[PDB]
Each structure stands twice: as structure tokens, then as C-alpha cells.
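Worksheet: the structure to be examined is printed underneath.
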Amino acid sequence: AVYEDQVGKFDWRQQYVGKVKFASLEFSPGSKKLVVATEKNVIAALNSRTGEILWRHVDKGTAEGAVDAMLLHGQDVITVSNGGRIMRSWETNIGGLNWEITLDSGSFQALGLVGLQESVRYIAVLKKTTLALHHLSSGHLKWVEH
Amino acid sequence: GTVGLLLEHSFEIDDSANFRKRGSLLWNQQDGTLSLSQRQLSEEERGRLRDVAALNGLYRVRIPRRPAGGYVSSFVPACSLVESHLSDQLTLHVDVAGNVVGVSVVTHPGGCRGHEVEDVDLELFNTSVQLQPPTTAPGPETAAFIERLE
Amino acid sequence: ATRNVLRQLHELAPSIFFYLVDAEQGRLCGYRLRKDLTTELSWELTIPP
Amino acid sequence: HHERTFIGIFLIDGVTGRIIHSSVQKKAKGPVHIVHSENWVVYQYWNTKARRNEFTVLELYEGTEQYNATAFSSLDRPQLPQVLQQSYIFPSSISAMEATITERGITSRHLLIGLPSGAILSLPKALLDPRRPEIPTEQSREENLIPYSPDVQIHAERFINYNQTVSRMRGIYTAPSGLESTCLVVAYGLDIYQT
Amino acid sequence: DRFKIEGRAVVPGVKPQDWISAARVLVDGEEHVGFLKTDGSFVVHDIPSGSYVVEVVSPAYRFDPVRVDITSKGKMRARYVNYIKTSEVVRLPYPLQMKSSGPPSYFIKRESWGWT
Ligand SMILES: *[C@@H]1O[C@H](CO)[C@@H](O[C@@H]2O[C@H](CO)[C@@H](O)[C@H](O)[C@H]2NC(C)=O)[C@H](O)[C@H]1NC(C)=O
Ligand SMILES: *[C@@H]1O[C@H](CO)[C@@H](O[C@@H]2O[C@H](CO)[C@@H](O)[C@H](O)[C@H]2NC(C)=O)[C@H](O)[C@H]1NC(C)=O
Ligand SMILES: *[C@@H]1O[C@H](CO)[C@@H](O[C@@H]2O[C@H](CO)[C@@H](O)[C@H](O)[C@H]2NC(C)=O)[C@H](O)[C@H]1NC(C)=O
């Protein structure tokens, strides 16, 4: 617009997200959040008191941005997307990003969370040929087996 | 090398499809030249054409694509052709690779003023034939702008 | 398809044209409406796919 | 291949089928956004030899005397028009394109362009004129025509939405709104914006 | 034959946590999409050899685009962006150091008092 005075007098905008595919609601729950992923390759965090949007991230619209798997752990979200190629760790509290890594070739089959001695410290990724275990804090690969 | 293309023309009282042979086009790709060899109209052909022009009929031209693999055709008002003493222009639009795309027929002058034309003015085909490949679009000139900016 | 509309179309048929484009075969066609709501082929173009 | 790709443009008549114009632009690749209005056509494309986005404008003119000022029958136009073409460089990508409308067509015509970032740009049509001369002349001065320049610039002041960005834009719609100076614009993508 | 582009983004006077939640980094105009980390750094993956334009989009701050040329082996270089006289080369540091210039101006000002 112009003049910085007619702002909101004639124009209006409505934001949206696609059809829900995965969701996660377990939280503190002192903080009021609802992390969702849609079929429009968009991942957002909706306020639960009113239903607004706290933050939203939009990926590629083609098939190279489809979300394959989603998990939650404490205050972090783990996402596997791009046909089992990209893995990301979203920080829910700020909406930024902890880390993002690229897996090897293959087809994604299942995603799991493992731990030892009453403490979760690894992420397990299964592809039609191999199985990999990566660190949870930094995402560095721990090992891979055939 | 030179190739030959059949050219058929059709006109009927009830505006149906009754295409029959009219002429042949000789096309030379080397120098890119086009020529036409045709025949003059018969007597009952002239009568039928006069009837069609009276009834505001149409005159259709059709050529094949491969020198029953397909056809490309067009049409023109018959009265606008009769009153023009059979003076017409044909254009053959070709593809960039060299494939026949379309055929267009026009007359000079256009329109229908409702004159009267006797039989002695319908003996010759004053026909022009033209070939048309696609042109080349220009690009954004920059060198002149750069040197003038100095 | 009322009687008045049918009469108006019967009067105004030879002034309405349809054109169709087939992208799979790259074929363009053009038909002219007739008096009895039938269509007849008028022009045709082809672009090699 | 990056050296044997082209985009073809055909201007045809819908009644008879005459190909009024045929053109081919070489070293070009899609997608293509095109606007065809009262007298002109403006289409955008991507050039691979220089790797930049380009606009191309075609404008049609008749001679100096009207063939017929009472009607326009497509069966009685045996003279081809005159085509003027020009091209420009646009320093961004494009997600959508549209043209404004008005009741009587008295106000100037603008192109609304939807960029991938989210903003919407309003570009005057008078800037894209094929008649702009490369070498200024006295006749150009008396016509009040800006000399040719190969680049069009993007300024933040020209955005019609200050910061109400629309993400993954897909369509722009314009309405006359019963007044000769205002046009209603609705941009729909993932979001919906109205102004 | 797949490579990555790395860089950092800094807004002077504002700590990163206030603006990274509504920003993206675009390579070749939505051809490749990336997101910013908590501290501001960013990485984009699966970039084939060629030439690309990398920019950072945010609805509240300005960032200049940078051209990146990546060869067949993997060695990459950074330079300015210019569409007229494309052969001109001006070197820029790599990995990318993209610093903002300030908020954009969407509005038009007016005139103040004239004579004292
Ligand atoms: C034969 O056909 C031509 C095709 O247009 C008719 O038109 C003449 O064409 C010549 C060639 O360019 C021009 O010099 C004339 O000025 C055109 N005539 C008019 C009235 O403009 C032509 O009239 C036809 N008849 C002949 C040549 O006797
Ligand atoms: C301009 O075109 C119109 C439309 O065809 C012409 O008007 C027709 O003219 C014919 C004879 O010339 C008449 O039989 C029709 O009744 C007219 N129809 C209408 C609706 O007016 C007009 O003559 C053309 N003008 C010129 C100078 O050729
Ligand atoms: C888009 O720009 C407008 C500019 O007016 C922002 O609105 C201003 O926001 C500041 C900060 O809260 C307020 O102090 C001003 O009073 C607001 N202006 C008006 C006219 O109300 C708006 O916040 C910007 N959008 C976003 C998402 O930040």
C-alpha cells in the first residue's frame, strides 16, 4: 500500500495449511502448541488457545517435498522427507532448526526411536536394504548395517 | 529435390463435403519455391459455382500432409470469389523442421456487393501461391546500450 | 432449451463457431453450428507433436 | 538440450483458421506466462544462453485508413496486420501474471506480477512499448517516448501488499467495481489476499 | 555428482532468534529451498554443477543476492549478480557472508515545515 495510514482499511489476508497428515499434541503442557504437518508439504505450529499460527515452513510443492515420517521428542521434532533422503530436527520452541542431514540412497520403510539405560540417545532409520543408527543430539551417523 | 502435393476444392448446394481433385503443387526445398499446376472449370462446374454463390455457400480447399494420413483445409465465401473473377491467393504455412502445418485462402478484394458476373468471366484462375516459414523473434540488444552509457 | 431460445438459435445458427484443441495429437479443429443444432467441420490445423 | 530448445508463438483467427502470425524464439525454456489483451500480447520466458528471465511484447497495428468502420467480419479481412516486437530483461522469477480491468478502459493498464517471494508488483504497460526508439529523434520527442532501455527495475515502493505476503501463489483476479479509477484485486495461493 | 551450498546470515543489532522463524533461502528462484538454523547458518543440499543465484527471503529485512558458480569437480566460487555484461566477475568471500542492509521501505514519505 501507500502512506502507511490505510493499512488494514481495505485489504485483508487469510493464511491456511493443507490437509493434516501427521500431528503431535503431547507437550509440557505449560506451553500451548500443536505441531502439524500437511499434505501441501508444509509444517506449522498452531496455537491451541485460539487456533492461530505461531510459525510455518513451506517446502517444495512437487513430490520432492513430501513428508514421509514425523516424530516428537521432548521439545524437538524429527522429520524424514524427500523420499527418504533428508532428515531434519526442528526446534519447536523457537521455530528454527537444530540440524539437517542427508541419508544414503534407498527407499524409506520405517522410522524409530531407541535408547539405552533409561535414556534415549539414538535414531534408527530403516531402508529396504540397510539399517542406520544416528546420534540424536547432533545427527552425526553412529553406524550402518546391511 | 521437388515434391508434389494434391490440392482439392469443394463446393455444394447444401454445404457438404464432396472434395475432388483440382490441382497439384510442386515444392522445391532447396531454393524454397512453390508452383501450382491446375485446370480450368467445366460448364456444369460453373453453373454449380454460380448456384452456390447465389445461395451464400462456401468454397473449401484441402491438401494432405504426407507428400490417408490426414488433411489440412480451409474455406472462403463463394460469392466473394465469383465477384473477384477467380482472383485468389493461397498461403502454405510450414513448420520449422519442414512439416506442412496449414493452408490459407483469401481473395482480393473481399466482401460481396451483389454484382452480376456472366459466364465469359469465369474461364481463368488468377491464383497466387506463397510459402511461409516461421520468422525469428529478436532479442534484447545490450551492446549499443552499454557503449552509449559510456 | 425454451421455444424462444430454440427459435433464436434456428435464426442465428450460421454465425456461431466452435474451436477445439487436442494437445495429445496437437490437432486444432473448427466447426460451424447448423440450423438444427448439428455441427459440421470447417477448418483444421495440425502441429507435429 | 540447452542449445536446441525453443518456444513457438502462433497468432491465429478462430473463425477461418488463418495463421496471422508465426514466430519462434530460440534458446528458451518454460514455463511461459502470457497475457493477451485488447491489442497486444506480453509473454515471459527463461533464456539459457544468458540464464535470465525475459519479457517479449508484440503489438498489432493496421494501416492509416480504416478498412471498414461499421463492422468487423472475419470473412472480409484479406489484409494482414503489422506486427511490432520488442524484448526486455526482468531480474526475477514469476509465479503469476494478470492485467487490470476497468468499466470503460479509460485508466492506464498495469500488469500485476506475482513473484516467488510473496510480493506483488505493479508494472505500467506504457513501459513495455515496442515503439520506443533506440536513437532519440525530434519525432520521438514530439511523441514523448522514453528512449529504449534493456532492463526493468523492481522497487519496493511499487508493491501493492506491504508485507502481507502470499506463499505459493497460483492466481490473480481483477474486477471493475463500478468506478472508473478503482479495481478490485484478489490473489489466491496457499493464502488469500484482497485489496 | 551432488553438492551443497553453505553460508551464514547476520542482521546487525538484532539477535538471530527474533527473525529466523519466518525466513527462507532460495536457490535459482524456488528451484531449491532451504531453512535457517538457530544461530543463523544455513545449508542447501543436492545442487548440480552450473551457475545459480542464491538469496534470502524474509518479510522484514533486506538481503542482496549472490551468484555461485560450481564446477564439475566441486570447487565453487561466489560473485556479484549482473544481467547486463554477464562476463564481469567481482569476487566475494566463500562460504557466503550475507549481511542485511536494513528494513525495506514499502511506503512514501511527505514534506515537513519549510521556513524557520
Ligand atoms: C489478378 O490477381 C491479382 C492478385 O492480387 C490482382 O491484384 C493485383 O495485383 C497486382 C500485383 O501486385 C497489383 O499490382 C495490382 O494493383 C492488384 N490489383 C488491384 C486492383 O489492386 C489483380 O487485379 C488480378 N487481375 C489482373 C492482374 O488482371
Ligand atoms: C462494412 O461491413 C458491413 C458489414 O458487412 C457492410 O454492411 C453490409 O453491406 C452489404 C453490402 O455492402 C449489405 O448487403 C448489408 O446489408 C450490410 N450490413 C450491415 C449490417 O450494414 C458495409 O457495407 C461495409 N462497408 C464498406 C465500406 O464496405
Ligand atoms: C507490516 O508492516 C506494518 C507497518 O505498519 C506493521 O504494523 C506496525 O507494527 C508495529 C510493530 O508492532 C506497530 O508499532 C505499528 O503501530 C504497526 N503499524 C500500524 C499502522 O498499525 C506490521 O507489524 C508488519 N507486519 C508484521 C508481520 O510485522
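Chains as they are written, first to last, in the deposited numbering: chain E, 21 to 166; chain P, 50 to 116, 124 to 206; chain W, 654 to 702; chain Y, 751 to 945; chain D, 43 to 158.
Where is the CB? At the ideal position from N, CA and C, for every residue including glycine.
- In terms of beta-carbon proximity, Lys79/D lines the interface with chain E, with at least one pair separated by less than 7 Å.
- Chain-order list of chain Y residues neighbouring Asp25/E: empty, with the shortest C-beta distance near 12 Å, by a criterion of under 9 Å.
- Flagged as an interface residue toward chain W: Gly767/Y, by a C-beta distance shorter than 7 Å.
- With a threshold of 7 Å between beta carbons, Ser824/Y makes no contact with chain P.
- Linking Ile844/Y to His905/Y through their CA atoms gives a straight-line distance of about 15 Å.
- The beta carbon of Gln139/D does not come within 7 Å of any beta carbon belonging to chain E, so the residue lies off that interface.
- When secondary structure is reduced to three states using DSSP, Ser127/E falls in the coil class, being assigned neither helix nor strand.
- Looking only at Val674/W, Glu664/W, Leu690/W and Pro667/W, the smallest Cα-Cα distance to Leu698/W is reached by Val674/W.
- Listed along the chain, the chain E residues whose CB falls inside 7 Å of the CB of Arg918/Y are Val78 and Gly81.
- Listed along chain Y, the residues sitting closer than 8 Å to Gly158/P by beta-carbon distance are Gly767 and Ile769.
- Contact between the region 135-148 of chain P and the region 157-167 of chain P is established, with three or more Cβ pairs separated by less than 8 Å.
- When DSSP states are grouped into helix, strand and coil, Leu698/W belongs to the strand group.
- Taking a Cβ-Cβ threshold of 7 Å, the residues of chain E close to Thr945/Y are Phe30 and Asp31, in chain order.
- For the options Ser127/E, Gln34/E, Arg108/E and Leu133/E, the alpha carbon positioned closest to that of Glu72/E is the one of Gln34/E.
- Among the residues facing chain Y, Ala21/E is included, as its CB has a counterpart in that chain under 7 Å away.
- Distance between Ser154/D and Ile106/E, taken at the CA atoms: about 55 Å.
- Within 9 Å of the CB of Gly683/W, the CB atoms of chain Y belong to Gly764, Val765, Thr766 and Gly767, in sequence order along the chain.
- Looking at the backbone, the Cα of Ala193/P and that of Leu830/Y are separated by about 18 Å.
- Every alpha helix (DSSP H) stretch that sits fully inside the region 65-115 of chain P and reaches 4 residues is listed by chain position as 92-103.
- A Cβ-Cβ distance of about 7 Å is found for the pair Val145/E and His154/E, placing them in contact under the 8 Å criterion.
- For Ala800/Y, the nearest beta carbon of chain D is closer than 7 Å to its own beta carbon.
- Interface criterion not met: the Cβ of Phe181/P is under 7 Å from no Cβ in chain Y.
- By DSSP's assignment, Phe45/D forms a beta bridge with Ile89/D.
- According to DSSP, residue pairing for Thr51/P in a beta bridge involves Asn77/P.
- In the three-state reduction of the DSSP assignment, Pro866/Y falls in the coil class, being assigned neither a helical nor a strand state.
- Using a Cβ-Cβ cut-off of 7 Å, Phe671/W does not count as an interface residue toward chain Y, since no Cβ of chain Y sits closer than that to its own.
- Counting along the chain, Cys682/W sits inside no alpha helix (DSSP H); it lies in the beta strand (DSSP E) bounded by residues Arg680 to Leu686.
- Take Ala130/E, set aside five residues on each side of it, and the residues of its chain with a beta-carbon closer than 7 Å to its own are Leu146, in chain order.
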